[PDB]
Amino acid sequence: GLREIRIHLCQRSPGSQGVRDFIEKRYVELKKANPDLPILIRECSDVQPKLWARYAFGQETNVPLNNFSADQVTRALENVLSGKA
Numbered sequence: 015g016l017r018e019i020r021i022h023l024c025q026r027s028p029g030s031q032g033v034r035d036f037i038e039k040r041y042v043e044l045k046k047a048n049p050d051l052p053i054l055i056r057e058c059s060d061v062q063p064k065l066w067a068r069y070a071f072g073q074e075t076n077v078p079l080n081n082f083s084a085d086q087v088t089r090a091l092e093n094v095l096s097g098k099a
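Residue 90 in PDB author numbering sits at position 76 of the sequence shown, and the numbers go up by one each step.
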């Protein structure tokens, strides 16, 4: 629903299991779940799990999604990116 999603990950600061879940368990699944969702796993940048989005709405998103769980992040991605922002 957008131009790009770049998860900035790393292991450095506050992280989550929901994030981790997404990262491992849900990665290939969100890649298939949201076909039109560019998915790049990125490295050390800020705290830890930020959601970079650069939508085709042409808006920015770069945010610590530490508080959200595996499915919910992927669905929230769809929420946000296919038509939240």
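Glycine residues also receive a C-beta, built at the ideal position from the N, C-alpha and C atoms.
Endpoints, beta strand (DSSP E) assigned at residue i
i, result
"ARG17", "16-22"
"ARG56", "53-56"
Boundaries (first-last residue) of the alpha helix (DSSP H) holding residue i
i, result
"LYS46", "41-47"
"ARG89", "84-97"
"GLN31", "31-35"
Euclidean distance between Cα positions of residue i and residue j
i, j, result
"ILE19", "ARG26", "21 Å"
"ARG40", "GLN31", "12 Å"
"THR88", "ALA47", "8 Å"
"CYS24", "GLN73", "24 Å"
"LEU54", "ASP85", "18 Å"
Contact check, residue i vs residue j, beta carbons under 8 Å
i, j, result
"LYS98", "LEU79", "no"
"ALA67", "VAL94", "yes"
For residue i: DSSP bridge partner residues
i, result
"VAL77", "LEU65"
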